[PDB]
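Down below is the structure, laid out as structure tokens.
Reconstructed Cβ throughout: ideal geometry from the backbone, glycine too, with neighbour counts over all protein chains shown. What is reported rests on the model, the rules as stated and the sources as named; no laboratory read-out is quoted.
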Amino acid sequence: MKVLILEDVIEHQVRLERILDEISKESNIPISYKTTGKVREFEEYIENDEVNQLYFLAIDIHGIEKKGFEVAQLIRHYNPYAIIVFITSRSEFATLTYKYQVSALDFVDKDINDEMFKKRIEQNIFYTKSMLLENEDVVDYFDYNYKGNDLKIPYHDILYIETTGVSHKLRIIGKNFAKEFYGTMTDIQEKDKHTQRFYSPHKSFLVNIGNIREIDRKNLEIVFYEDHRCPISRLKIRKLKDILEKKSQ
Amino acid sequence: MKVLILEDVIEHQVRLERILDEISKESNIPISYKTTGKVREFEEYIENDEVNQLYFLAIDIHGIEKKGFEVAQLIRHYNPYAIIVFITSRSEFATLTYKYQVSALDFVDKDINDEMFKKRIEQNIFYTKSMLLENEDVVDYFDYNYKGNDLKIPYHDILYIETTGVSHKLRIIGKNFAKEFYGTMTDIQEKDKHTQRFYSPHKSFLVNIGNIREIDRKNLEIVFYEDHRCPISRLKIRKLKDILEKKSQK
């Protein structure tokens, strides 16, 4: 379980890294952390973050009050599946979270005693694991785990998956979002042989059947809901999909 | 989009519903709301029933404080990335949403003026629009097929269907667009016999029942939500259109 921490104070940096290691041994779940006080270095961290990433964000970073809210908006803007948890001594800002259009899970006051502080961040780590893990009650969600690297996003928000120049990496593209994750296109197809939620119209494209609205025969394109004529389909590959698509009833 | 509202007080239930329809016309967003006072009736629309996009909730329901949190916990249990928005008079419970591990988008106060309230409701609807993909699960679409030629476009985007010079071809008229498709006006009426979303006010026109605002008796025309009065209605057919509007939309 990869986690990201933003803290300008060395005192609270050590404190959270200590509690994280205490939980990792007690709850028997592996936790890997990356912490920085510098915004620039942490901006490169969000660039190479997990799909459902847990964030431990401060607010008053290097004399700039509400700086953490600026990076929270930035994290949410690009990743709509992030888990933003605030950790600050500026307790009065709990009201402001909503005004920043960020769907934050928790707001932890760092002035609380270590015993209750451990219990506060415990809830957030436990929520993340229990959410990502299996769950039969949850609706049709796309869960894909490739060599430790986990993913869990709804089939509704998935338009298509395309290959990348980098080995064992794929790019999931949706509405107002695009993200790179570890995995192979052959592995998803082997797991979707019965579920049948995806189709490969191109050697480098893997579309979501549920979001195919129209097919452009003349331009060799696939039109998604809200006119996303981005993936290109081959004329010979059209025959198989069209019969499968028209058999909706 | 589909929105679920939980409110026991009628005074505040109708207040939000009125504002939901007001922004629906002003920002051309189709909004279909479901309001219930009882928790058991609201839980039914979540666990045993299918999808919804936005969830507006109260906290103090039928004398039960923090009940809104308990039911919000149920929505996040079934949908971990749903959009939960709180609407309540109890301002103090704002900092308490984090205790219930509910990832709420916004906490709205009920004691604030209707000017700032409509603007705060707007923000949550504009958020849901830019987030969720406009597919079959968000709104109902006009799925038409005629001798191999297929057309699948949103119903709210259609104002009226205008006839064209070339046979077995018709044109969709929108507030910003114009799309040509193959089909017969008689074949649409034959399929929309149970659906009843299209009316024929003229031999050369087929108007969408939903986007109509007014029926001009003086100039014998049909006026839509925006100033786009182009289809023509006749006195011979105007009587059935007038009663069908008052019956369905009330």
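Below are the figures for this structure:
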| quantity | calculated |
| --- | --- |
| Of all residues in segment A:138-149 being of a type outside the set (S, T, Y) and in contact with a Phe, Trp or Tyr (Cβ under 6 Å, 6 or more places away or on another chain), the one that is nearest to the other protein chains (Cβ to nearest Cβ) | A:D140 |
| Filter pass, A:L240 being away from every other protein chain (no Cβ under 13 Å) and not polar (S, T, N, Q) | yes |
| Check on B:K250, within 26 Å of B:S27 (Cβ to Cβ), surrounded by fewer than 14 Cβ atoms within 10 Å (Cβ to Cβ) and in the same structural domain as B:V166 (by CATH) | yes |
| Number of positions in segment B:50-91 that are within 11 Å of chain A (Cβ to nearest Cβ) and farther than 30 Å from A:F142 by Cα | 1 |
| Options A:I125, A:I161, A:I153; residue that is over 18 Å from A:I29 (Cβ atoms) and either among the polar types (S, T, N, Q) or more than 10 Å from chain B (Cβ to nearest Cβ) (or both) | A:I161 |
| 3 or more residues more than 21 Å from B:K169 (Cα to Cα): qualifying strands (runs of 3 or more DSSP E) within segment B:189-247 | B:212-216, B:221-224 |
| Single condition A:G37 does not satisfy, out of (1) over 17 Å from A:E122 (Cα atoms); (2) small (G, A, S); (3) within 17 Å of the chain's Cα centre (by Cα) | (3) |
| Residues of segment A:164-182 classified as more than 14 Å from chain B (Cβ to nearest Cβ) and among the small types (G, A, S), total | 2 |
| Residues of segment A:191-237 satisfying the condition of being within 13 Å of chain B (Cβ to nearest Cβ) and among the small types (G, A, S) | A:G210 |
| Number of the condition not met by A:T95 [criteria: (1) more than 7 Å from chain B (Cβ to nearest Cβ); (2) more than 15 Å from B:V102 (Cβ to Cβ); (3) surrounded by fewer than 15 Cβ atoms within 10 Å (Cβ to Cβ)] | (1) |
| Every residue from segment A:40-83 that is without any contact (Cβ under 8 Å) to a residue 12 or more places away in the chain and under 14 Å from the mean Cα position of the chain (by Cα) | A:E47, A:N48, A:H77 |
